[PDB]
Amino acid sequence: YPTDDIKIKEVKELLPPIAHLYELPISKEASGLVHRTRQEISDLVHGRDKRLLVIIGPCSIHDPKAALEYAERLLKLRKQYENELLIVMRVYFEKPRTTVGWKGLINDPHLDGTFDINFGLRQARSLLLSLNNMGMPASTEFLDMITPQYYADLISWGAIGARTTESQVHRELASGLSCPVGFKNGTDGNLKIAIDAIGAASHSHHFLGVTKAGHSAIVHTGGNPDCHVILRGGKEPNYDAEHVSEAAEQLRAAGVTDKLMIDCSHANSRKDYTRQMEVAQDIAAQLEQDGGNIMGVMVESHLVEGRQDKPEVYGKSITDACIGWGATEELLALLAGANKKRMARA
């Protein structure tokens, strides 16, 4: 007899995006920075500019106060290296787990299993707005279909994760995002799925979405021309020059941009934060020799290095382990110096 909502415990009140947009409207200056940075990134994706996009910051945001502090330091390096590097902070609020775990600040901002999503969204949007108001553009992984309506207007670059690059509904979502999007290769190293994803996301789609007012609707997208691939390792790493060369060839064969991003962390560092510097060194070497197909890198970085299970220590990750502020200074100096040369020989 019963066949409906058999395994639904309850359905709860959700404020629609407009309620958050009314409290936290985007400022003139945030609008300008987002607009500009999106353009600048587009220029890197299509080879019109040879600066290196650097998506850098925490694995996950679990404390907005630390995040603003981190941002203030990073901003000095963003300005310092602005002729060599386009620095954008990692501000990831949605985290895909292997089985189960804390899904992030949006899903559970009090870090205690209370799932205060209304608070989380409000907090996320507030942090993003403060970041952009101080001059730091922001990047995030879009994991969910609905959460983007709450803050995509504040995002200069989006990632689609390794676990969702093959998913049609994530490709559809990307096709309708106002920012450039990077698609990671699959968790075991499959690169073709990310190339296919760029293909798919560049076309118009019809999918089911939610309006700013919180109502489901049919969303007809125009396609996203600013997508690229991210090499993030597999069973084996894929950062080096031969993998970059292979990837580029495959990209040209698919008729899509052959400029790509390399993640220094995750499977490319064998899940070991001490190895991110090695990967960045290898990328620096490629940039010095040639490295024509590189347009960016990704780095997991925080105030304090490593990781912890409970949010005990300020500015230390509770998800993947990060390099510390001192290593970040070093890594960025390395990249800037190497890209200066690449840019010179052109």
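Note that residue numbering begins at 1 and tracks the sequence as displayed.
K.L.:
Which is higher on mean Cα B factor in this entry, 52-60 or 310-318?
P.N.:
Stretch with the higher mean C-alpha B-factor: 310-318.
K.L.:
If you average the CA temperature factors as listed in the entry, which stretch comes out higher, 235-243 or 154-162?
P.N.:
Between 235-243 and 154-162, it is 235-243 that shows the higher mean C-alpha B-factor.
K.L.:
Return the residue from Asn185, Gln250, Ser130, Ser167 that has the highest Cα B-factor in the entry.
P.N.:
Checking the PDB record, the top C-alpha B-factor among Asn185, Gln250, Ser130, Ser167 is at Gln250.
K.L.:
From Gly176, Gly255, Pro148, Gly120, pick the one with the largest CA B-factor in the entry?
P.N.:
Of the candidates given, the C-alpha B-factor peaks at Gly255.
K.L.:
Thinking about Cα B factors across the chain, which third does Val299 belong to?
P.N.:
Lowest third - that is where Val299 ends up once the chain's C-alpha B-factors are sorted.
K.L.:
Compare the C-alpha B factor of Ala338 with those of the other modelled residues in its chain, then answer lowest, middle or highest third.
P.N.:
Middle third by C-alpha B-factor.
K.L.:
Just say lowest, middle or highest third for the CA B-factor of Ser204 relative to the other modelled residues in its chain.
P.N.:
Its C-alpha B-factor, which the entry lists for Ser204, ranks in the highest third among residues of this chain.
K.L.:
Could you place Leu111 in the lowest, middle or highest third of its chain by Cα temperature factor, using the values in the record?
P.N.:
As the PDB entry reports it, the C-alpha B-factor of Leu111 lands in the highest third of its chain.
K.L.:
Using the temperature factors of the C-alpha atoms in this entry, rank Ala67 within its chain: lowest, middle or highest third.
P.N.:
Tercile = lowest for this residue's CA B-factor.
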